[PDB]
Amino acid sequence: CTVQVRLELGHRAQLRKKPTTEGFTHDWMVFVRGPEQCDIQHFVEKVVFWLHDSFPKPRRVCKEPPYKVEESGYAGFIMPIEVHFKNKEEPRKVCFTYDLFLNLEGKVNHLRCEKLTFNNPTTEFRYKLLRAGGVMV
């Protein structure tokens, strides 16, 4: 028995009308979500966004939804994201390398779908999956 569930990683970034005291030109938000009609909270323990050096306390953790980070900045960067599962057996997380990229002349609305595949999950984990929109194959 194999269950597949869907994740959407994405971000929006708009160019500020006025930069901040520190010369931050953009506001952005990055997120992890289920597709429409999918609360991934049921099988997602927490999400960890490993921001760049320059943000204070850059290991950002969301234990409940929304799994998001809102900040201001001046540049884009590569960002590891780790989704940890409400699973007591392996696998207990998955990592994506996310590219938080900015539009210097306007906005960015970016979306990227990732399909997770869990093999022979435990009985109570297979719920969390199916409760979150999972599909059996």
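When you see a residue number, it is the position in the sequence shown, counting from 1.
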Taking the recorded C-alpha temperature factors, which stretch has the higher mean, 109-117 or 15-23? 15-23
Given the B-factors recorded for C-alpha atoms, which segment has the greater mean, 52-60 or 97-105? 52-60
According to the deposited entry, which of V69, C38, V32, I78 has the largest Cα B-factor? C38
Is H84 in the lowest, middle or highest third of its chain when residues are ranked by C-alpha B-factor? lowest
